[PDB]
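As provided, my_file.cif (mmCIF, N, CA and C atoms) reads as follows.
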```
data_query
#
loop_
_atom_site.label_atom_id
_atom_site.label_comp_id
_atom_site.auth_asym_id
_atom_site.auth_seq_id
_atom_site.Cartn_x
_atom_site.Cartn_y
_atom_site.Cartn_z
N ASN Q 953 -11.56 101.09 71.59
CA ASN Q 953 -10.99 99.80 71.93
C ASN Q 953 -12.07 98.83 72.41
N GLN Q 954 -12.96 99.30 73.28
CA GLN Q 954 -14.04 98.45 73.77
C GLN Q 954 -14.97 98.04 72.63
N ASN Q 955 -15.34 99.00 71.78
CA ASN Q 955 -16.24 98.69 70.68
C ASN Q 955 -15.60 97.71 69.71
N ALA Q 956 -14.33 97.93 69.35
CA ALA Q 956 -13.65 97.03 68.43
C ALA Q 956 -13.50 95.64 69.03
N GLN Q 957 -13.13 95.56 70.31
CA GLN Q 957 -12.98 94.26 70.96
C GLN Q 957 -14.30 93.50 70.98
N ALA Q 958 -15.40 94.18 71.30
CA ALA Q 958 -16.69 93.52 71.34
C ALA Q 958 -17.11 93.02 69.96
N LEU Q 959 -16.86 93.82 68.92
CA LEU Q 959 -17.27 93.43 67.58
C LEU Q 959 -16.56 92.15 67.14
N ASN Q 960 -15.26 92.06 67.38
CA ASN Q 960 -14.52 90.86 66.99
C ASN Q 960 -15.02 89.64 67.74
N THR Q 961 -15.28 89.78 69.04
CA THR Q 961 -15.81 88.66 69.81
C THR Q 961 -17.14 88.18 69.25
N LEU Q 962 -17.91 89.07 68.62
CA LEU Q 962 -19.16 88.66 68.00
C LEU Q 962 -18.94 87.89 66.71
N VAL Q 963 -17.76 88.00 66.10
CA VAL Q 963 -17.43 87.24 64.91
C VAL Q 963 -16.70 85.95 65.25
N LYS Q 964 -15.76 86.00 66.18
CA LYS Q 964 -15.09 84.79 66.64
C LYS Q 964 -16.05 83.84 67.35
N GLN Q 965 -17.21 84.33 67.79
CA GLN Q 965 -18.18 83.52 68.51
C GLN Q 965 -19.05 82.68 67.60
N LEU Q 966 -18.65 82.50 66.34
CA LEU Q 966 -19.30 81.58 65.42
C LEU Q 966 -18.63 80.21 65.42
N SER Q 967 -17.85 79.90 66.46
CA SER Q 967 -16.99 78.72 66.47
C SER Q 967 -17.68 77.51 67.08
N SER Q 968 -18.10 77.62 68.33
CA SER Q 968 -18.61 76.45 69.04
C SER Q 968 -19.81 75.86 68.31
N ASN Q 969 -19.84 74.53 68.21
CA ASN Q 969 -20.97 73.83 67.54
C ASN Q 969 -22.21 73.89 68.42
N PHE Q 970 -22.03 74.18 69.71
CA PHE Q 970 -23.15 74.21 70.64
C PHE Q 970 -23.78 72.82 70.80
N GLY Q 971 -22.96 71.87 71.24
CA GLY Q 971 -23.46 70.55 71.58
C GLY Q 971 -24.06 69.78 70.42
N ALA Q 972 -23.42 69.81 69.26
CA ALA Q 972 -23.86 69.08 68.08
C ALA Q 972 -22.66 68.43 67.40
N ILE Q 973 -22.95 67.61 66.39
CA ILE Q 973 -21.88 66.95 65.65
C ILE Q 973 -21.07 67.95 64.83
N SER Q 974 -21.77 68.92 64.25
CA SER Q 974 -21.09 69.90 63.38
C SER Q 974 -21.31 71.32 63.90
N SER Q 975 -20.44 72.25 63.50
CA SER Q 975 -20.49 73.64 63.95
C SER Q 975 -20.64 74.59 62.77
N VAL Q 976 -21.35 74.17 61.73
CA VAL Q 976 -21.61 75.01 60.57
C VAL Q 976 -22.94 74.59 59.95
N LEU Q 977 -23.83 75.57 59.74
CA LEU Q 977 -25.15 75.27 59.19
C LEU Q 977 -25.04 74.57 57.84
N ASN Q 978 -24.08 74.99 57.01
CA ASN Q 978 -23.99 74.48 55.65
C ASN Q 978 -23.88 72.97 55.61
N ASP Q 979 -23.13 72.37 56.54
CA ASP Q 979 -22.96 70.93 56.57
C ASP Q 979 -23.99 70.21 57.44
N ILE Q 980 -24.75 70.95 58.26
CA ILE Q 980 -25.77 70.30 59.09
C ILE Q 980 -26.84 69.66 58.21
N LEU Q 981 -27.34 70.42 57.23
CA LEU Q 981 -28.38 69.91 56.35
C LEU Q 981 -27.83 68.95 55.30
N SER Q 982 -26.59 69.16 54.85
CA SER Q 982 -26.05 68.36 53.76
C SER Q 982 -25.94 66.89 54.16
N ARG Q 983 -25.47 66.62 55.38
CA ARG Q 983 -25.18 65.25 55.80
C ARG Q 983 -26.11 64.76 56.91
N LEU Q 984 -27.30 65.36 57.03
CA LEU Q 984 -28.28 64.93 58.02
C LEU Q 984 -29.68 65.15 57.46
N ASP Q 985 -30.64 64.39 58.00
CA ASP Q 985 -32.04 64.49 57.52
C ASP Q 985 -32.82 65.37 58.49
N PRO Q 986 -33.52 66.43 58.04
CA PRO Q 986 -34.22 67.33 58.95
C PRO Q 986 -34.73 66.58 60.20
N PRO Q 987 -35.53 65.49 60.09
CA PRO Q 987 -35.96 64.75 61.27
C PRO Q 987 -34.86 64.69 62.34
N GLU Q 988 -33.63 64.34 61.93
CA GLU Q 988 -32.51 64.22 62.90
C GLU Q 988 -31.54 65.40 62.74
N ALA Q 989 -31.61 66.11 61.60
CA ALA Q 989 -30.74 67.27 61.43
C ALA Q 989 -31.29 68.52 62.11
N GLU Q 990 -32.61 68.68 62.15
CA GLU Q 990 -33.19 69.89 62.72
C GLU Q 990 -32.83 70.03 64.19
N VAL Q 991 -32.90 68.94 64.95
CA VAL Q 991 -32.51 68.99 66.36
C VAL Q 991 -31.06 69.42 66.50
N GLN Q 992 -30.22 69.08 65.52
CA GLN Q 992 -28.83 69.51 65.56
C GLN Q 992 -28.72 71.03 65.48
N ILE Q 993 -29.39 71.64 64.50
CA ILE Q 993 -29.44 73.09 64.40
C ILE Q 993 -30.25 73.72 65.53
N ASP Q 994 -31.00 72.91 66.28
CA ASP Q 994 -31.74 73.43 67.42
C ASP Q 994 -30.81 74.17 68.38
N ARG Q 995 -29.58 73.68 68.54
CA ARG Q 995 -28.59 74.34 69.38
C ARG Q 995 -27.69 75.29 68.61
N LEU Q 996 -27.83 75.37 67.29
CA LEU Q 996 -27.02 76.30 66.51
C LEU Q 996 -27.63 77.70 66.51
N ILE Q 997 -28.88 77.82 66.05
CA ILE Q 997 -29.58 79.09 66.15
C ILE Q 997 -29.75 79.49 67.60
N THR Q 998 -30.09 78.53 68.46
CA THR Q 998 -30.16 78.79 69.89
C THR Q 998 -28.82 79.23 70.46
N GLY Q 999 -27.72 78.92 69.78
CA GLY Q 999 -26.41 79.35 70.21
C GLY Q 999 -26.04 80.72 69.67
N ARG Q 1000 -26.16 80.90 68.36
CA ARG Q 1000 -25.86 82.20 67.77
C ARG Q 1000 -26.83 83.27 68.27
N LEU Q 1001 -28.10 82.92 68.45
CA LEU Q 1001 -29.07 83.89 68.94
C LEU Q 1001 -28.65 84.44 70.30
N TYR T 508 -22.38 31.39 62.27
CA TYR T 508 -22.58 32.75 61.78
C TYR T 508 -21.26 33.50 61.87
N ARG T 509 -20.73 33.92 60.73
CA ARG T 509 -19.48 34.66 60.70
C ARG T 509 -19.64 36.01 61.39
N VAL T 510 -18.99 36.18 62.54
CA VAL T 510 -19.13 37.39 63.34
C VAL T 510 -17.86 38.22 63.24
N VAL T 511 -17.12 38.06 62.15
CA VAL T 511 -15.91 38.85 61.95
C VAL T 511 -16.27 40.32 61.94
N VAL T 512 -15.63 41.10 62.81
CA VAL T 512 -15.94 42.51 63.00
C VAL T 512 -14.99 43.34 62.16
N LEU T 513 -15.55 44.19 61.31
CA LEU T 513 -14.79 45.08 60.44
C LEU T 513 -15.00 46.52 60.89
N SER T 514 -14.12 47.41 60.42
CA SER T 514 -14.20 48.81 60.80
C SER T 514 -13.53 49.66 59.73
N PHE T 515 -14.27 50.63 59.21
CA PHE T 515 -13.74 51.58 58.24
C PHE T 515 -13.20 52.81 58.98
N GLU T 516 -12.90 53.87 58.24
CA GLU T 516 -12.47 55.12 58.85
C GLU T 516 -13.60 55.71 59.68
N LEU T 517 -13.26 56.26 60.84
CA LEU T 517 -14.23 56.89 61.74
C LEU T 517 -13.92 58.38 61.79
N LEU T 518 -14.60 59.15 60.95
CA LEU T 518 -14.48 60.60 60.91
C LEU T 518 -13.04 61.03 60.58
N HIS T 519 -12.59 60.61 59.40
CA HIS T 519 -11.32 61.05 58.84
C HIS T 519 -11.55 61.76 57.51
N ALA T 520 -10.58 62.59 57.14
CA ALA T 520 -10.65 63.42 55.94
C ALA T 520 -10.57 62.56 54.69
N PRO T 521 -10.70 63.16 53.50
CA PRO T 521 -10.66 62.36 52.27
C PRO T 521 -9.34 61.62 52.13
N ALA T 522 -9.40 60.46 51.48
CA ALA T 522 -8.25 59.57 51.34
C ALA T 522 -8.20 59.08 49.90
N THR T 523 -7.43 58.01 49.68
CA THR T 523 -7.23 57.45 48.35
C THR T 523 -8.50 56.82 47.76
N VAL T 524 -9.63 56.87 48.45
CA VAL T 524 -10.90 56.40 47.91
C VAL T 524 -11.66 57.60 47.36
N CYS T 525 -12.51 57.35 46.36
CA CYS T 525 -13.34 58.40 45.77
C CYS T 525 -14.66 57.75 45.35
N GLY T 526 -15.71 58.02 46.11
CA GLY T 526 -17.02 57.45 45.85
C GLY T 526 -17.52 57.75 44.46
N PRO T 527 -18.52 57.00 44.01
CA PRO T 527 -19.07 57.22 42.66
C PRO T 527 -19.87 58.51 42.57
N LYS T 528 -19.18 59.64 42.42
CA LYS T 528 -19.82 60.94 42.32
C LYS T 528 -19.31 61.67 41.09
N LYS T 529 -20.13 62.58 40.57
CA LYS T 529 -19.82 63.30 39.35
C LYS T 529 -19.12 64.62 39.69
N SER T 530 -18.90 65.45 38.67
CA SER T 530 -18.22 66.73 38.84
C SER T 530 -18.98 67.81 38.08
N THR T 531 -18.75 69.06 38.48
CA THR T 531 -19.42 70.19 37.87
C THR T 531 -18.51 71.41 37.96
N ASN T 532 -18.82 72.42 37.16
CA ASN T 532 -18.02 73.64 37.13
C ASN T 532 -17.94 74.26 38.52
N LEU T 533 -16.74 74.68 38.90
CA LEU T 533 -16.50 75.22 40.23
C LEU T 533 -17.04 76.65 40.33
N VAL T 534 -17.04 77.16 41.56
CA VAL T 534 -17.50 78.51 41.87
C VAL T 534 -16.32 79.33 42.34
N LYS T 535 -16.09 80.48 41.70
CA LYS T 535 -14.95 81.32 42.04
C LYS T 535 -15.25 82.23 43.23
N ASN T 536 -16.24 83.11 43.09
CA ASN T 536 -16.54 84.08 44.14
C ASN T 536 -18.03 84.22 44.39
N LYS T 537 -18.85 83.28 43.92
CA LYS T 537 -20.29 83.38 44.08
C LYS T 537 -20.66 83.21 45.55
N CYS T 538 -21.63 84.01 46.00
CA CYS T 538 -22.09 83.98 47.39
C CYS T 538 -23.21 82.95 47.53
N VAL T 539 -22.84 81.69 47.31
CA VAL T 539 -23.78 80.57 47.30
C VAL T 539 -23.17 79.40 48.05
N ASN T 540 -24.02 78.44 48.40
CA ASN T 540 -23.55 77.20 48.99
C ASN T 540 -22.78 76.39 47.96
N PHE T 541 -21.72 75.73 48.40
CA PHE T 541 -20.82 75.00 47.52
C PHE T 541 -20.60 73.59 48.05
N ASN T 542 -20.21 72.70 47.14
CA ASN T 542 -19.92 71.31 47.48
C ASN T 542 -18.66 70.87 46.75
N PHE T 543 -17.61 70.57 47.51
CA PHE T 543 -16.35 70.05 46.96
C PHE T 543 -15.94 68.86 47.82
N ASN T 544 -16.28 67.66 47.36
CA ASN T 544 -15.98 66.43 48.09
C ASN T 544 -16.66 66.42 49.46
N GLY T 545 -17.97 66.54 49.43
CA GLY T 545 -18.77 66.47 50.65
C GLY T 545 -18.92 67.76 51.44
N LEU T 546 -17.80 68.44 51.69
CA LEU T 546 -17.85 69.68 52.47
C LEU T 546 -18.79 70.68 51.80
N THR T 547 -19.67 71.27 52.60
CA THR T 547 -20.66 72.23 52.12
C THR T 547 -20.55 73.51 52.93
N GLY T 548 -20.61 74.64 52.24
CA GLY T 548 -20.48 75.93 52.90
C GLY T 548 -21.34 76.97 52.22
N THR T 549 -21.64 78.03 52.97
CA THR T 549 -22.46 79.13 52.46
C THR T 549 -21.81 80.47 52.78
N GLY T 550 -22.51 81.56 52.50
CA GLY T 550 -21.96 82.88 52.71
C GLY T 550 -21.36 83.46 51.45
N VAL T 551 -20.23 84.14 51.57
CA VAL T 551 -19.52 84.71 50.44
C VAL T 551 -18.10 84.15 50.43
N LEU T 552 -17.67 83.66 49.28
CA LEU T 552 -16.32 83.12 49.10
C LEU T 552 -15.47 84.17 48.40
N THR T 553 -14.43 84.63 49.08
CA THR T 553 -13.54 85.67 48.56
C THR T 553 -12.12 85.13 48.46
N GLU T 554 -11.42 85.51 47.40
CA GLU T 554 -10.08 85.02 47.14
C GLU T 554 -9.05 85.94 47.77
N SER T 555 -8.12 85.35 48.53
CA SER T 555 -7.01 86.07 49.14
C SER T 555 -5.71 85.66 48.45
N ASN T 556 -4.61 86.27 48.90
CA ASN T 556 -3.29 86.02 48.33
C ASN T 556 -2.39 85.28 49.31
N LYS T 557 -2.98 84.59 50.28
CA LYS T 557 -2.20 83.84 51.25
C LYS T 557 -1.44 82.70 50.57
#
```

Could you express the structure from this file as structure tokens?
Amino acid sequence: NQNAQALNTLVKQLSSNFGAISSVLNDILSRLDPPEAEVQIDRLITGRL
Amino acid sequence: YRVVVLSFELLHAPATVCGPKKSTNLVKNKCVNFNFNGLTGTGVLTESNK
């Protein structure tokens, strides 16, 4: 039960954008320019990590 | 100086407008990034029966 509960929380924890406009890498680069898009993902990898 | 202030949609979903964009063959289950009317996604796309 503990192992299963922890595993799901590790999958549901892909939700929060972590203080950015978007909460999905796929759309971060599509609608932003690295100069201003990279700082957005700065809190995404920093969040998932 | 005409200072008439206008305002379009502010972060709303697609509507009766369609920008000048082309079309291409869709992706069924390919594990690649996709584009369908702006929205972009990656990973693996799997078909369910919902």

With a cut-off of 7 Å, could you pull out the residues of chain Q touching chain T and give me the nearest pair of atoms for each, distance in Å to one decimal, using all atoms listed in the file, ordered by chain and ascending number, as JSON lines?
```
{"residue": "Q:977", "atom": "C", "partner": "T:547", "partner_atom": "C", "distance": 6.7}
{"residue": "Q:978", "atom": "C", "partner": "T:547", "partner_atom": "C", "distance": 4.3}
{"residue": "Q:979", "atom": "N", "partner": "T:547", "partner_atom": "C", "distance": 4.6}
{"residue": "Q:982", "atom": "CA", "partner": "T:547", "partner_atom": "CA", "distance": 6.8}
```

Quiz item: Do you have the atom CA of residue 973 of chain Q-atom CA of residue 996 of chain Q distance handy?
Solution: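 Going from atom CA of residue 973 of chain Q over to atom CA of residue 996 of chain Q, I get 10.7 Å.
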
The PyMOL selection byres (((chain Q and resi 1001 and name CA) around 12) and name CA) - which residues does that actually catch in the file I just gave you? List them as a PDB file with N, CA and C atoms, in the coordinates of the input.
```pdb
ATOM      1  N   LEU Q 962     -17.910  89.070  68.620  1.00  0.00           N
ATOM      2  CA  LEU Q 962     -19.160  88.660  68.000  1.00  0.00           C
ATOM      3  C   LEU Q 962     -18.940  87.890  66.710  1.00  0.00           C
ATOM      4  N   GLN Q 965     -17.210  84.330  67.790  1.00  0.00           N
ATOM      5  CA  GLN Q 965     -18.180  83.520  68.510  1.00  0.00           C
ATOM      6  C   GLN Q 965     -19.050  82.680  67.600  1.00  0.00           C
ATOM      7  N   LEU Q 966     -18.650  82.500  66.340  1.00  0.00           N
ATOM      8  CA  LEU Q 966     -19.300  81.580  65.420  1.00  0.00           C
ATOM      9  C   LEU Q 966     -18.630  80.210  65.420  1.00  0.00           C
ATOM     10  N   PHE Q 970     -22.030  74.180  69.710  1.00  0.00           N
ATOM     11  CA  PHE Q 970     -23.150  74.210  70.640  1.00  0.00           C
ATOM     12  C   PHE Q 970     -23.780  72.820  70.800  1.00  0.00           C
ATOM     13  N   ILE Q 993     -29.390  71.640  64.500  1.00  0.00           N
ATOM     14  CA  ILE Q 993     -29.440  73.090  64.400  1.00  0.00           C
ATOM     15  C   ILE Q 993     -30.250  73.720  65.530  1.00  0.00           C
ATOM     16  N   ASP Q 994     -31.000  72.910  66.280  1.00  0.00           N
ATOM     17  CA  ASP Q 994     -31.740  73.430  67.420  1.00  0.00           C
ATOM     18  C   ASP Q 994     -30.810  74.170  68.380  1.00  0.00           C
ATOM     19  N   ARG Q 995     -29.580  73.680  68.540  1.00  0.00           N
ATOM     20  CA  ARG Q 995     -28.590  74.340  69.380  1.00  0.00           C
ATOM     21  C   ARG Q 995     -27.690  75.290  68.610  1.00  0.00           C
ATOM     22  N   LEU Q 996     -27.830  75.370  67.290  1.00  0.00           N
ATOM     23  CA  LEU Q 996     -27.020  76.300  66.510  1.00  0.00           C
ATOM     24  C   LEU Q 996     -27.630  77.700  66.510  1.00  0.00           C
ATOM     25  N   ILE Q 997     -28.880  77.820  66.050  1.00  0.00           N
ATOM     26  CA  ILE Q 997     -29.580  79.090  66.150  1.00  0.00           C
ATOM     27  C   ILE Q 997     -29.750  79.490  67.600  1.00  0.00           C
ATOM     28  N   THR Q 998     -30.090  78.530  68.460  1.00  0.00           N
ATOM     29  CA  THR Q 998     -30.160  78.790  69.890  1.00  0.00           C
ATOM     30  C   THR Q 998     -28.820  79.230  70.460  1.00  0.00           C
ATOM     31  N   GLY Q 999     -27.720  78.920  69.780  1.00  0.00           N
ATOM     32  CA  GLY Q 999     -26.410  79.350  70.210  1.00  0.00           C
ATOM     33  C   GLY Q 999     -26.040  80.720  69.670  1.00  0.00           C
ATOM     34  N   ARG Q1000     -26.160  80.900  68.360  1.00  0.00           N
ATOM     35  CA  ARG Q1000     -25.860  82.200  67.770  1.00  0.00           C
ATOM     36  C   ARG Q1000     -26.830  83.270  68.270  1.00  0.00           C
TER      37      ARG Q1000
END
```

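Going from atom CA of residue 957 of chain Q over to atom C of residue 537 of chain T, you cover 28.8 Å.
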
Exercise. Name the residues of chain Q that fall into helix (DSSP H, G or I) according to DSSP on the backbone, using the chain letters and numbers of this document, as a PyMOL selection string.
Key: chain Q and resi 954-964+977-982+986-1000

Quiz item: Mind pulling up the distance from atom C of residue 959 of chain Q to atom N of residue 976 of chain Q?
Solution: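 Computing the Euclidean distance for atom N of residue 976 of chain Q and atom C of residue 959 of chain Q yields 19.4 Å.
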
Practice problem: Measuring atom to atom with only N, CA and C atoms, identify which of T:511, T:533, T:517, T:538 is nearest to residue 551 of chain T. | Solution: T:538

Quiz prompt | Protein/DNA/RNA residues near (-13.7, 64.3, 50.7), cut 7 Å, only C-alpha atoms, as a count of residues only | solution = 4

Quiz item: For residue 980 of chain Q, which residue among Q:961, Q:967, Q:953, Q:992 is the nearest when counting all atoms listed in the file?
Solution: Q:992
